[PDB]
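Given as structure tokens, the chain that follows is alone and in the form deposited in one PDB entry.
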């Protein structure tokens, strides 16, 4: 084709990615539904914090998708022990993620796979949401959604309780987890199963009552848990200011309706307080 293979980038659970010329190429049922989902969603979206689809090619039932080459991802940054994440860097990453999410949710699309490795960073420090193979439209009552979406460590409690219909909270909760992973440098709630994921969430944040989650017991896979008191947020995040703790609490509200939206998060004092977000050029780079 018109792209020459230069390097092998890596693999996922649906395709293999390679660096070519810079761009990145991702390679009886016909064309794969995940590739079609990515194509159909990314062709309708244009925002600086959403990965840009440049082309697509294939033969018979096989297809390859072309994207801008993204230098790294947030998971690499988090795991790099030589990298220091100042409050300004965290604010910048969070701001870009939330701006991309605000644009995405305005166009009635849920990412449903938010996690640090799906937040790609270029050489200019522009974060971009990527891996739209699980993303879907929302706001349509007739469309039924599965609860398997989102990786378990970032899955919202309503999903773990079997919610078929859900809104932007499933992204915002993941955002909160990402924020926690930015603050602790380790996954916040690393459950090994759905029950253990719910147990970790309730042990860290407390078992939600009816007041905190008015219709909790109506979820199809709801199971009553031992009443945990939780750990106060300032204990978990000892270096977090009051504004950041307010943002975290808003992102981790058990009630998905009460959980702050991307727009509401962007308006919080934390983003407008000093210090300002780091300029993208000054964000840290994981040199080898």
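Positions refer to the first chain, counted from 1. Heads up, when I say rigid core I mean the largest set of C-alphas that superpose within 1.5 Å between the two forms.
Keep in mind that the form deposited in another entry is missing from the display, and what follows is about it.
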Which residue, 128, 147, 105, 155, is displaced 2 Å or more at the Cα between this form and the one not shown after superposing the core?
147
Per the comparison in the other entry, the residue 38 and residue 148 C-alpha atoms (change 3 Å or more) are positioned closer
Shown form as baseline, in the other entry, CA residue 203-residue 148 shift of 3 Å or more puts them farther
